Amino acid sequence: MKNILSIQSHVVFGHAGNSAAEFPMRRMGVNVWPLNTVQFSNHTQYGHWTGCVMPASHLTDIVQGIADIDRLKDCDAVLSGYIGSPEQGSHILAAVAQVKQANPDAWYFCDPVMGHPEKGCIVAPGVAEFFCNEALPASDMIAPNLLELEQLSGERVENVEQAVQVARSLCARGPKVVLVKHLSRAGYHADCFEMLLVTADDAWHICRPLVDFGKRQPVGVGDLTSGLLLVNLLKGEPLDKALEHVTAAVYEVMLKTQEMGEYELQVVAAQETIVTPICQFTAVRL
């Protein structure tokens, strides 16, 4: 069994962060050690929530506890997404460093969440700086959307050719794999959702139809995309097959959500189409 230490938010009702990624990743047959950074009643896009943020020192305490039972060496990858403060981020990188000492083959998959290209930045002060100068150099894979790829590089990205080159420039600072999870305006077609998977030797481009949720877009699509890519890569899937599975599995969860008229991403109702999607999307090697 492959084992992921996933350090993300937890919501009691609904799905976001670890609450969006844990059940789909376990459904695919990979273990998830869910190290919850918060415990909130619901995600923040309802405009109100109750609960609490865990002390940043709690995150490194947990990791020490797993090392104390000599199980930290079983961790094959660390996954991070939304980060509420630079202090929390520094403790997540301390967890990554501790895991790699116990297991030198462990990967750090960083979703550098900063916001949606259509809405703008939603991160707390200092978090953008933390991703650019701290998380990026320590990462083995990163999954920036267009807004995050531009923030991390400090460059405008206008098309796929540029996105590949800019992704390869971020790679030189640390990660070996870059997933441009949301191309946005830099894509080929305005009527299509697009993603790009980049390595040193290759780049794959993939397309799928847009899902119009209108005013209330469900939270967790990025969290699910990042988590499912990590699972496919840990399971030894070729990069093109990995991208194709993620693209179709996420799309099917989104369709199920819209069909049920729900605001929350329906990760449990769509579980059969997560492992075996009906929809098939094919990547194009650039």
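Sequential numbering from 1, following the sequence displayed.
Between the stretches 141-149 and 119-127, it is 119-127 that shows the larger average CA temperature factor. Higher mean CA B-factor, judged across 99-107 and 187-195 from the recorded values: 187-195. Sorting 75, 79, 135, 200 by the CA temperature factor given in the entry leaves 200 at the top. Compared with the other modelled residues of the chain, the Cα B-factor recorded for residue 68 ranks in the middle third.
Per the deposited record, the Cα B-factor of residue 280 falls in the highest third when ranked against the other modelled residues of its chain. Per the deposited record, the Cα B-factor of residue 241 falls in the middle third when ranked against the other modelled residues of its chain.
Among the modelled residues of the chain, residue 60 sits in the middle third by CA temperature factor in this PDB entry.
Per-chain ranking of the deposited C-alpha B factor places residue 44 in the middle third.
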